[PDB]
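The chain below stands alone and is given as structure tokens, in the form deposited in one PDB entry.
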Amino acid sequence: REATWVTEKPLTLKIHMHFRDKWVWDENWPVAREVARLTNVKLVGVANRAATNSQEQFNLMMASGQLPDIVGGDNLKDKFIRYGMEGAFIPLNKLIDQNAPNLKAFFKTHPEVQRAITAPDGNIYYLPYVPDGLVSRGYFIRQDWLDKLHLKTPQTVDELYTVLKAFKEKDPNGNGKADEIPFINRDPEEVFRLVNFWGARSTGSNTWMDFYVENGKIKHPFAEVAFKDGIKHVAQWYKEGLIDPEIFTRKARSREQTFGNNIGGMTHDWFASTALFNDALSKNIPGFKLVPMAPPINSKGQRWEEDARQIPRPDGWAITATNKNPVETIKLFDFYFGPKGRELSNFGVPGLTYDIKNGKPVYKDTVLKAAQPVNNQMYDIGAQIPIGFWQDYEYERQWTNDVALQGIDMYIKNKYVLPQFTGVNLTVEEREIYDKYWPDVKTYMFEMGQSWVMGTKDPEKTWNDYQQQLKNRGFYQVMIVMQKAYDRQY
């Protein structure tokens, strides 16, 4: 008997949750048992641990003809809505308004999150995983090279050009050869992001080549004339050797390869993992210092950080039509948005993974010092999982190094991160058009982008034929769909 109990009579419900192509809900998790006793609702997992693909598992369940009481997982937003509109998942609007104080309070302060999870009919069919902290990537530069060469931190695009050229020509690594590669990136798509330096967008969100909104109008970065002008500049820098000539092929281990071999001078990547190269290289390469840099003022007079975390994520859980206890269930869901529920779902269980010190959750030293990443230690006990929960950045701050936090706090403070596109939820008919043409158009745009950057094709001479292919491949039909959907949802 707890003050937090959502029912006096103990309840057991079946949950089908498969995620990250490897994990499932485990009723034996310390976090699951804690929530169970605090709410009086226990969840039993019915998902398959042998599965290689989470989406396939959801499909088999939906097709089986039978349904559990709750369904959760990653990348299920579109399925929650499609099946929600067919009655498989119940709408949560009224249940929340009447039984979930924590959620309605949350939604009042986060109206954009509610808008992002709303289906074409106005119903909420699931609760999302809501990450905390918008800052994701940022620019990093070799401070030791700026120092060796007596250069000031570049404040504008042209000043940055001057710096990268010095890195290229003035032998900062001191081996007497011009082996330096000024800008490197493990993600080829980041070369497209450089058009930001000339006031052009490359994507509306963390998803590569995504649409963005400007004054209520949907636009795609790669179809804009501004992209044409901007990619010419990126192409010029590539021609001059300022960008890794292998930018489209090096990939995954680019940072290890280039910074490791002491030839990389700058990148744009996630603060935490990038800042850790200092730990690895501080001694190996005497004087090595890779540090966060504010984005330079672009050709339109603005400092842009186009990337940010997707908030909310297209992950979460929903209540099925077969669930005989919808009210008790929504109250369970609500528990996760209140203080205790939020603490547990973020940090684990007191005495096992953390302790409450002066009213605040602090990870145990063995947790912070373990070889296994904190994220994985949390998944192991039922925390940081893709159910409907409200992430707390404090948990991540506790395992992010100082160089990273110094840069993150600078980006937050100076407001460089641009407003993100949280996406639109489509109707079945709109989806059919999107799925038929978009995949191929996206592929084509990338191939064209690469050709222009590498100087294989000329943006000026091929722009019209490019736009013709866009029309022919259905780009504008997709654009019609997106705008209708945007107007309806926002």
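Numbers for residues come from their place in the sequence shown, where the first is 1.
Beyond the structure shown, there is the form deposited in another entry, which is absent from this document and is the topic of what follows.
- Message: Quick check: between the shown form and the other one, are residue 198 and residue 280 assigned to one rigid part (C-alpha given to the better-fitting superposition)?
- Response: Same rigid part: residue 280 and residue 198 move together between the shown form and the other one.
- Item | CA-CA separation of residue 413 and residue 362, closer or farther in the other form than in the form shown [shift of 3 angstroms or more] | Farther apart, which means the C-alphas of residue 362 and residue 413 are at least 3 Å more distant in the other form.
- Cα-Cα shift for residue 413 and residue 360, closer or farther in the other form, minimum 3 Å: Note: Cα gap between residue 413 and residue 360 widens in the other form.
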